[PDB]
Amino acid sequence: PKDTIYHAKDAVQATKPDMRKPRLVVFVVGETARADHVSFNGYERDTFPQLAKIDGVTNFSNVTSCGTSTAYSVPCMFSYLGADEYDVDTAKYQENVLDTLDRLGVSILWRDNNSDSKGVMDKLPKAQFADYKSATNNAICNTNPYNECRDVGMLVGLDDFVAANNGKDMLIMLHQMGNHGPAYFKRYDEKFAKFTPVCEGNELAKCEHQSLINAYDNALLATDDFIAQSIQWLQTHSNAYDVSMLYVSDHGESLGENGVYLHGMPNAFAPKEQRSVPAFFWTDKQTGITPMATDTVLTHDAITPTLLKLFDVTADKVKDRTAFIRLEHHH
């Protein structure tokens, strides 16, 4: 082990949940989703029909990931250093934004249907991380012939966590399997097999290109559903809690442009498809949180200041950063 390097020892929470409504936020950590396959960004297909029916969802049309892979992007998304000073090999020993929030009294929960938190949860109690790739944590793995555990299974029993943390601020990370490839066709249950025919081979270049896009877009429909159900879950708590949902994908995906597939390419020459990601923000009307303009130039660096602002936390290190939500409040 090594000593933790501090970045936000000045951090203070301006208000406490005994003096205003407690705050309950879900952060969906997405996977392999491309901004240009989002209906709201101009995609010809309605890949997000359920979110389109929910009042108060903001789509962000200009978000660039810090990197092109899970192990690289996820730690930077929760970092204080930002993409320009980020060092993947020492990120684990830096105070990160979850460390700050936990230290100031926010109850942190991380459920993972992807891999793990890539070091982000490592300093917090073991029980605050839960592996939802396991069929004995995730109750929703028998809805498909692959026996693949589904992201929506991470919503089961969250009410137990809320009850165990009654009246506290809470931040829940849900780490999605999402659009991970190459087997996009496995990523969604049959009710989302909307675009057809579907590539069901593992060698992507050998499928007809349209069938590859169809499988990828069907997987997006399942994520639309998962995010919508995450908002519906939050809404069952809106009387007692100020509830918000943030979604950001860890990176994009190549879909055969220039013959490139999957992701993980070094940033210097990775194509734009691997870095252009969707981001969504939803909040209940009574929270007073206001989203930034949909066309704000944004990156993964906006995540840490957003999470801090959602819990009324100020930290010098990110004082000049743009967030997904505004500093000005209408009364």
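The first residue of the sequence shown is number 1, and the count goes up from there.
Where do the C-alpha atoms have the higher mean temperature factor in this entry, in 216-224 or in 83-91?
Stretch with the greater average CA B-factor: 83-91.
Tell me which of 126-134 and 204-212 has the higher mean C-alpha B-factor in the deposited entry.
According to the PDB entry, the answer is 204-212.
Using the temperature factors in the entry, find which of 289, 279, 270, 66 has the highest value at its Cα atom.
Top of the list by C-alpha B-factor: 289.
Quiz for you: based on the deposited Cα B-factor, which of 229, 179, 96, 142 is highest?
Most elevated C-alpha B-factor of the set, per the entry: 142.
Please say which third, lowest, middle or highest, residue 260 falls into when its CA temperature factor is compared across its chain.
According to the entry, residue 260 has a C-alpha B-factor in the chain's middle third.
Mind checking which third residue 57 falls in for C-alpha B-factor across the chain?
Middle third of the chain for residue 57's C-alpha B-factor.
Quick one: classify residue 106 as lowest, middle or highest third of the chain based on its Cα B-factor.
Tercile = lowest for this residue's CA B-factor.
Tell me, lowest, middle or highest third: where does the Cα B factor of residue 191 rank within its chain?
As the PDB entry reports it, the C-alpha B-factor of residue 191 lands in the highest third of its chain.
By its CA B factor, does residue 172 count among the lowest, middle or highest third of the modelled residues in the chain?
Residue 172: CA B-factor falls in the lowest third of its chain.
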